[PDB]
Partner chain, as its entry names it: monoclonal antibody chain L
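Only one chain is shown below, in structure tokens, and it's the form deposited without the partner chain.
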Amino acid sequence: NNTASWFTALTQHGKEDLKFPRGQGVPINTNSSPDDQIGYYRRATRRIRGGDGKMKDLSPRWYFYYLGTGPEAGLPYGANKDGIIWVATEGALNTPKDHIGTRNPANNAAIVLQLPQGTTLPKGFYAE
């Protein structure tokens, strides 16, 4: 039960949470169809031992999962929960993407996360 994202992460280097204007934010995936272009980003925090023994937060990562997949596969679109933000492309179907699912790193590399040109990223986000 791996549940790894199909895509590389967005790294939040600034102080604002991730969010996209309605219609934006779904990563480009040629292995998916217009109906599939909907899901959520989940914040993934990591803590590390700093240079003085005190544990400290690294920059949070935001991983995309298709609707109905991933660590929050049970949440319906729009559900409010800290660390979860929703995205959907024009024309997507509000149905679980059991037809896309999640990635097994043993037999599939992550897709480098790309957005169509001119997407409104928040301050501090550019990643990879």
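Numbering follows the first chain given and starts at 1. Shifts are known only where both forms have a C-alpha. The term rigid core refers to the most C-alpha atoms you can superpose between the two forms while keeping them within 1.5 Å.
Heads up, the form deposited with the partner chain bound isn't pictured, but that's what we're talking about next.
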Can you tell me which residues in 71-105 come within 4.5 angstroms of the partner chain in the deposited complex, by heavy atoms? none
Given a core-based superposition, decide whether the C-alpha of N108 shifts by 2 Å or more between this form and the one not shown. no
Rigid core aligned, does the Cα position of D82 differ by 2 Å or more between this form and the one not shown? no
With the core lined up, does the C-alpha of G50 move 2 Å or more between this form and the one not shown? yes
Pull up the moving segments between this form and the one not shown: at least three consecutive residues, every CA shifted by 2 Å or more, rigid core held fixed. 49-54, 118-126
